[PDB]
>>> print(open('structure-v5.cif').read())   # mmCIF, N, CA and C atoms
data_entry
#
loop_
_atom_site.group_PDB
_atom_site.id
_atom_site.type_symbol
_atom_site.label_atom_id
_atom_site.label_comp_id
_atom_site.auth_asym_id
_atom_site.auth_seq_id
_atom_site.Cartn_x
_atom_site.Cartn_y
_atom_site.Cartn_z
ATOM 1 N N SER A 1 -9.176 -12.255 -3.899
ATOM 2 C CA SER A 1 -8.946 -10.893 -4.468
ATOM 3 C C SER A 1 -9.370 -9.822 -3.462
ATOM 4 N N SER A 2 -10.508 -10.033 -2.807
ATOM 5 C CA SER A 2 -10.995 -9.079 -1.822
ATOM 6 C C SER A 2 -10.094 -9.069 -0.593
ATOM 7 N N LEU A 3 -9.540 -10.227 -0.248
ATOM 8 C CA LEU A 3 -8.647 -10.318 0.907
ATOM 9 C C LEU A 3 -7.309 -9.655 0.581
ATOM 10 N N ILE A 4 -6.807 -9.898 -0.628
ATOM 11 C CA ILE A 4 -5.537 -9.331 -1.080
ATOM 12 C C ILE A 4 -5.635 -7.812 -1.204
ATOM 13 N N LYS A 5 -6.780 -7.326 -1.674
ATOM 14 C CA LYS A 5 -6.999 -5.891 -1.825
ATOM 15 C C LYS A 5 -7.110 -5.227 -0.463
ATOM 16 N N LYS A 6 -7.592 -5.985 0.520
ATOM 17 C CA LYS A 6 -7.718 -5.484 1.885
ATOM 18 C C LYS A 6 -6.312 -5.383 2.453
ATOM 19 N N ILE A 7 -5.491 -6.380 2.135
ATOM 20 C CA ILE A 7 -4.110 -6.414 2.584
ATOM 21 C C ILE A 7 -3.313 -5.261 1.961
ATOM 22 N N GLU A 8 -3.484 -5.030 0.661
ATOM 23 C CA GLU A 8 -2.784 -3.932 -0.014
ATOM 24 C C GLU A 8 -3.280 -2.611 0.571
ATOM 25 N N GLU A 9 -4.593 -2.511 0.741
ATOM 26 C CA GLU A 9 -5.218 -1.324 1.303
ATOM 27 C C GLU A 9 -4.666 -1.031 2.696
ATOM 28 N N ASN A 10 -4.387 -2.079 3.469
ATOM 29 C CA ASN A 10 -3.848 -1.905 4.817
ATOM 30 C C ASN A 10 -2.449 -1.294 4.799
ATOM 31 N N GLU A 11 -1.595 -1.763 3.891
ATOM 32 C CA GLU A 11 -0.230 -1.253 3.820
ATOM 33 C C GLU A 11 -0.218 0.185 3.328
ATOM 34 N N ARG A 12 -1.025 0.468 2.315
ATOM 35 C CA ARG A 12 -1.119 1.814 1.774
ATOM 36 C C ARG A 12 -1.623 2.787 2.848
ATOM 37 N N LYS A 13 -2.788 2.487 3.419
ATOM 38 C CA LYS A 13 -3.395 3.328 4.450
ATOM 39 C C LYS A 13 -2.453 3.596 5.618
ATOM 40 N N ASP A 14 -1.736 2.571 6.056
ATOM 41 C CA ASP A 14 -0.817 2.733 7.174
ATOM 42 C C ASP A 14 0.397 3.597 6.831
ATOM 43 N N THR A 15 0.884 3.482 5.600
ATOM 44 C CA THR A 15 2.021 4.283 5.173
ATOM 45 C C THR A 15 1.614 5.750 5.129
ATOM 46 N N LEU A 16 0.462 6.027 4.529
ATOM 47 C CA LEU A 16 -0.022 7.394 4.433
ATOM 48 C C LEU A 16 -0.235 8.011 5.811
ATOM 49 N N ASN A 17 -0.786 7.234 6.743
ATOM 50 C CA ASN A 17 -1.032 7.737 8.093
ATOM 51 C C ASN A 17 0.231 8.235 8.753
ATOM 52 N N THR A 18 1.253 7.393 8.770
ATOM 53 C CA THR A 18 2.517 7.773 9.372
ATOM 54 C C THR A 18 3.066 9.025 8.681
ATOM 55 N N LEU A 19 2.997 9.057 7.355
ATOM 56 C CA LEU A 19 3.501 10.198 6.601
ATOM 57 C C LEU A 19 2.646 11.439 6.827
ATOM 58 N N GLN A 20 1.330 11.263 6.864
ATOM 59 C CA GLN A 20 0.412 12.374 7.105
ATOM 60 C C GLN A 20 0.782 13.067 8.414
ATOM 61 N N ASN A 21 0.954 12.271 9.467
ATOM 62 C CA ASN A 21 1.306 12.802 10.780
ATOM 63 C C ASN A 21 2.598 13.606 10.758
ATOM 64 N N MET A 22 3.590 13.138 10.005
ATOM 65 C CA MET A 22 4.861 13.851 9.926
ATOM 66 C C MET A 22 4.837 15.044 8.967
ATOM 67 N N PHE A 23 3.888 15.055 8.030
ATOM 68 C CA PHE A 23 3.766 16.154 7.073
ATOM 69 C C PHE A 23 2.309 16.590 6.962
ATOM 70 N N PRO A 24 1.791 17.216 8.036
ATOM 71 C CA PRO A 24 0.425 17.726 8.214
ATOM 72 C C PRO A 24 -0.114 18.695 7.177
ATOM 73 N N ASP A 25 0.727 19.605 6.707
ATOM 74 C CA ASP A 25 0.287 20.598 5.733
ATOM 75 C C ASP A 25 0.511 20.152 4.299
ATOM 76 N N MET A 26 0.850 18.881 4.124
ATOM 77 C CA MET A 26 1.087 18.325 2.799
ATOM 78 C C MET A 26 -0.181 17.712 2.236
ATOM 79 N N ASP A 27 -0.471 18.031 0.982
ATOM 80 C CA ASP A 27 -1.640 17.484 0.312
ATOM 81 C C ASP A 27 -1.445 15.971 0.313
ATOM 82 N N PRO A 28 -2.412 15.221 0.866
ATOM 83 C CA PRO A 28 -2.338 13.756 0.925
ATOM 84 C C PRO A 28 -2.094 13.085 -0.430
ATOM 85 N N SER A 29 -2.681 13.635 -1.490
ATOM 86 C CA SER A 29 -2.522 13.074 -2.833
ATOM 87 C C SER A 29 -1.065 13.158 -3.290
ATOM 88 N N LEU A 30 -0.408 14.267 -2.958
ATOM 89 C CA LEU A 30 0.994 14.452 -3.307
ATOM 90 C C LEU A 30 1.823 13.405 -2.565
ATOM 91 N N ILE A 31 1.561 13.263 -1.267
ATOM 92 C CA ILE A 31 2.285 12.297 -0.445
ATOM 93 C C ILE A 31 2.186 10.906 -1.051
ATOM 94 N N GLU A 32 0.995 10.572 -1.522
ATOM 95 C CA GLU A 32 0.747 9.277 -2.139
ATOM 96 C C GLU A 32 1.564 9.105 -3.423
ATOM 97 N N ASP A 33 1.480 10.075 -4.333
ATOM 98 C CA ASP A 33 2.207 10.008 -5.600
ATOM 99 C C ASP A 33 3.697 9.841 -5.376
ATOM 100 N N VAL A 34 4.213 10.580 -4.404
ATOM 101 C CA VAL A 34 5.629 10.552 -4.084
ATOM 102 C C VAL A 34 6.135 9.330 -3.310
ATOM 103 N N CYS A 35 5.318 8.790 -2.413
ATOM 104 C CA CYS A 35 5.764 7.681 -1.568
ATOM 105 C C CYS A 35 5.194 6.291 -1.792
ATOM 106 N N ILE A 36 4.091 6.192 -2.520
ATOM 107 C CA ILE A 36 3.498 4.887 -2.748
ATOM 108 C C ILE A 36 3.554 4.482 -4.212
ATOM 109 N N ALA A 37 4.008 3.253 -4.443
ATOM 110 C CA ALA A 37 4.141 2.702 -5.787
ATOM 111 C C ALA A 37 2.818 2.632 -6.530
ATOM 112 N N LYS A 38 2.883 2.920 -7.823
ATOM 113 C CA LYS A 38 1.720 2.881 -8.696
ATOM 114 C C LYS A 38 0.980 1.562 -8.507
ATOM 115 N N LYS A 39 1.713 0.459 -8.630
ATOM 116 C CA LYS A 39 1.129 -0.866 -8.471
ATOM 117 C C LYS A 39 1.837 -1.617 -7.347
ATOM 118 N N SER A 40 1.050 -2.120 -6.403
ATOM 119 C CA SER A 40 1.580 -2.840 -5.252
ATOM 120 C C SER A 40 2.261 -4.158 -5.615
ATOM 121 N N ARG A 41 3.140 -4.617 -4.737
ATOM 122 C CA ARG A 41 3.865 -5.858 -4.959
ATOM 123 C C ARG A 41 3.194 -7.018 -4.225
ATOM 124 N N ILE A 42 2.203 -6.687 -3.402
ATOM 125 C CA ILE A 42 1.468 -7.662 -2.599
ATOM 126 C C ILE A 42 0.783 -8.796 -3.357
ATOM 127 N N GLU A 43 -0.007 -8.458 -4.367
ATOM 128 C CA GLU A 43 -0.702 -9.480 -5.133
ATOM 129 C C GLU A 43 0.266 -10.428 -5.848
ATOM 130 N N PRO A 44 1.288 -9.879 -6.527
ATOM 131 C CA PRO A 44 2.270 -10.706 -7.235
ATOM 132 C C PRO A 44 3.002 -11.629 -6.266
ATOM 133 N N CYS A 45 3.492 -11.059 -5.174
ATOM 134 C CA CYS A 45 4.220 -11.833 -4.188
ATOM 135 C C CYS A 45 3.341 -12.920 -3.554
ATOM 136 N N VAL A 46 2.089 -12.586 -3.253
ATOM 137 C CA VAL A 46 1.183 -13.569 -2.672
ATOM 138 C C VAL A 46 0.891 -14.687 -3.677
ATOM 139 N N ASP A 47 0.731 -14.332 -4.946
ATOM 140 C CA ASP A 47 0.478 -15.343 -5.964
ATOM 141 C C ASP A 47 1.695 -16.263 -6.057
ATOM 142 N N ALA A 48 2.886 -15.674 -6.068
ATOM 143 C CA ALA A 48 4.113 -16.456 -6.132
ATOM 144 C C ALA A 48 4.206 -17.405 -4.933
ATOM 145 N N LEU A 49 3.943 -16.897 -3.732
ATOM 146 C CA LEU A 49 4.023 -17.744 -2.546
ATOM 147 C C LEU A 49 2.979 -18.849 -2.574
ATOM 148 N N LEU A 50 1.788 -18.557 -3.081
ATOM 149 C CA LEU A 50 0.762 -19.596 -3.154
ATOM 150 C C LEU A 50 1.271 -20.744 -4.037
ATOM 151 N N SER A 51 1.856 -20.414 -5.185
ATOM 152 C CA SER A 51 2.386 -21.437 -6.087
ATOM 153 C C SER A 51 3.538 -22.212 -5.465
ATOM 154 N N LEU A 52 4.387 -21.508 -4.720
ATOM 155 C CA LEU A 52 5.546 -22.112 -4.071
ATOM 156 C C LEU A 52 5.229 -22.971 -2.855
ATOM 157 N N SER A 53 4.118 -22.694 -2.187
ATOM 158 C CA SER A 53 3.766 -23.451 -0.996
ATOM 159 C C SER A 53 2.791 -24.599 -1.255
ATOM 160 N N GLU A 54 2.136 -24.587 -2.410
ATOM 161 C CA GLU A 54 1.169 -25.628 -2.741
ATOM 162 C C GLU A 54 1.761 -27.043 -2.687
#
>>> encode(input="structure-v5.cif", output="structure tokens")
Amino acid sequence: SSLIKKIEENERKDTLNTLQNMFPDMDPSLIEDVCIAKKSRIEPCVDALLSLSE
């Protein structure tokens, strides 16, 4: 769970960074609401792959 959350955190943080740089005067929270999904697909997909590769 901690590894998966680190992985989700990595994708989120990286997306915001690229967007922040391109939209400097934009409130970061707005950028997040508009560009990042409420709930990540990482945990579900990783769980699915774990079951499929076992």
>>> atom_distance(input="structure-v5.cif", atom1="atom N of residue 8 in chain A", atom2="CA of residue 21 in chain A")
21.1 Å
>>> atom_distance(input="structure-v5.cif", atom1="CA of residue 42 in chain A", atom2="atom C of residue 3 in chain A")
9.5 Å
>>> atom_distance(input="structure-v5.cif", atom1="CA of residue 39 in chain A", atom2="atom N of residue 2 in chain A")
15.9 Å
>>> axis_aligned_box(input="structure-v5.cif", around="range 37-40 of chain A", padding_each_side="5 Å", output="AutoDock Vina command-line options")
--center_x 2.6 --center_y -0.5 --center_z -6.6 --size_x 13.2 --size_y 17.4 --size_z 14.3
>>> select_by_dssp(input="structure-v5.cif", residues="range 7-37 of chain A", states="alpha helix (DSSP H)", output="list in words")
residues 7, 8, 9, 10, 11, 12, 13, 14, 15, 16, 17, 18, 19, 20, 21, 22, 28, 29, 30, 31, 32, 33, 34 and 35 of chain A
>>> residues_around(input="structure-v5.cif", residues="residue 5 in chain A", least_positions_apart="3", cutoff="12 Å", atoms="only C-alpha atoms", output="PyMOL selection string")
chain A and resi 1-2+8-13+39-44+46
>>> residues_around(input="structure-v5.cif", residues="range 25-34 of chain A", least_positions_apart="5", cutoff="8 Å", atoms="all atoms listed in the file", output="list in words")
residues 16, 19 and 20 of chain A
